[PDB]
Each structure stands twice: as structure tokens, then as C-alpha cells.
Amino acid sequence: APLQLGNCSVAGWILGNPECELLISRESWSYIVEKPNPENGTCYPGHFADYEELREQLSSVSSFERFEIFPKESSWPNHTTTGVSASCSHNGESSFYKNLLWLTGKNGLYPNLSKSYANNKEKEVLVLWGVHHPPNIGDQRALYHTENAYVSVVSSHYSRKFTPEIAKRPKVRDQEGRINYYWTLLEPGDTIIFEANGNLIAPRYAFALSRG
């Protein structure tokens, strides 16, 4: 039984675009039906890393449940997670991806964070996250209280360190910012570690899955 994504792109649906809780939560599917021009995807402009690969890996799925990998009310006691954006406006009001959280400063501080997750779900777990690129150093200080920031995601197959590139861009959907999106499959048994002192667009929900 095929999976309709409506007017959404795989990016939007999987990120949790606000115009994307839309839909009939399904547990399994064979192939995926998506418009060539999907209108609601990366509501906040930016590059989705290894997008074509992800669309293949998701093309065929036998089990699929969403679950809250890093719970909003206990994971981030030293960081602000309330921020929302008019770039992700649902029904008129500002909002954000349901599967991510925009961490920003709290009490004038953005403490070094490191939070980890061990896969205990006996299925591959798809983990998504973003990194924010502000267009100037004024924004950078305002959101994260640090001029030089890093994000580091590390598992047994994944190891990358992002530094945000800060400079002028063209406006897409009235935004100068970019968020770059990233994803890794987390094998049952592996542990993924996020470390950052700024710019992390943190995962909130993730997905357990299988492919036949």
C-alpha cells in the first residue's frame, strides 16, 4: 500500500513541517507518491544533506513509528527551546518543525551541551537535526552568545563537525538564515552524541524502522 505525501516533500514530512501533521500516520508502505513540485518542504530555507539517498532508504519501509528521542521538557534545562518562526507558519501563526527544536540562549548563557542517545529499540533509528547559519555576527551573538560556535554529531558510522558559515545571502522565503539539515541511521546498539555551544537545531522526534 503506497504512501501519499500530499502537497509535501519527503523533507517536509520527515522534518515535521507545520503544514505536515496533515496526514494519515502510516506504519508501513511499499513506494512513495510525491509531487515533482511539492509546495511545503524546507519551510526554513537550507540544504538537506544526502537527500536523494534518504529518499531511497525511505522509499521502502515495513515498520515506522515516530518517538520522542529528546523530550522537550527534560533535555534542555539550560537552553531556551521555545523559539518559533514566521518561515514555518501554520494557519497564519508562527511555528516550527515538530521533529526539531531551535535551541537558543537562556539566562544570558549558552552552556556547552552534550546529550547522547543509545538505540534500545531493536530497529534502525533515523535521527535528524539541523545547523543554523545566520547572515551576520550580530545575529550570532543574539541567539547563542558566542562568536565562535561548533556542532559535533558522532556515532559509530557518523562523525562530523560543523562550524556555521556567517555571511550575506539572498532571501529565500524572506529569510537570510539558512538551516542545513542532516541525518544518520542509527543501528540498534549504537550511540549518537551531540555536542555544541551554539547553532544546533536539535532533534525532538525520531523514527524506528525497517525496509521489507
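All residue numbers are counted from 1 along the displayed sequence.
- Taking only CA atoms, the mean B-factor in the PDB entry is higher for 30-38 than for the other of 30-38 and 157-165.
- Looking at mean Cα B-factors across 131-139 and 86-94, the upper value is held by 86-94.
- Take 150, 182, 64, 144 and read off each C-alpha B-factor from the entry; 64 has the highest.
- If you compare the C-alpha temperature factors of 200, 22, 11, 193 in the entry, 22 comes out highest.
- Ranked within its chain, residue 112 lands in the middle third, by CA B factor from the PDB record.
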